[PDB]
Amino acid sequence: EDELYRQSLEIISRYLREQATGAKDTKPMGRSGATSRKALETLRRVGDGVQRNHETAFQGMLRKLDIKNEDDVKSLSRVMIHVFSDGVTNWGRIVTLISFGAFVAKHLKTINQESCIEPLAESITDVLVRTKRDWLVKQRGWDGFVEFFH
């Protein structure tokens, strides 16, 4: 159907869920498994890095967005389009968008709003793939991401 979308959702949804709960998903990765695994290993290193290095900036943004429920998560979409989509495009901003997803997902787990983590992952994947389709394709998608951060 749309392999780039499917693979993107798989990687982003797994990272966000693993960050929120601490459990690594052992259910085998779907089509192009070698790439999705390396992509997720890359996020574990670079994404954990951005969250640790920029905790204060991440925390201040979470505080502005005041996420309390499903409604607040739905309104993050408009913000991500304005903040992410309207800026320059590059793997460093893509990793920042996804890392901030993880930081929000951990927040959702603490406040007993885990049911919002899957929707969040879908919203981030939709923002990324809908708005950066041609750039992702030109940069060889998730193979490119993995090669970029080696």
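We number the residues from 1 along the sequence you see. Here, rigid core means the biggest group of C-alpha atoms that superpose within 1.5 Å across both forms.
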**Q.** Higher-deviation segment by CA RMS in 8 other deposited structures of this protein, core fitted, 85-93 or 104-112
**A.** 85-93
Q) When the core is superposed, where do the C-alphas shift more in 8 other deposited structures of this protein: in 61-69 or in 35-43? A) 61-69
Q | Mean C-alpha B-factor comparison - 114-122 and 25-33, higher one | A | 25-33
Q.
Tell me which stretch has the larger mean Cα B-factor in this entry, 66-74 or 41-49.
A. 66-74
Q.
Checking the record values for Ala57, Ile81, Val104, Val95, which has the greatest CA B factor?
A. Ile81
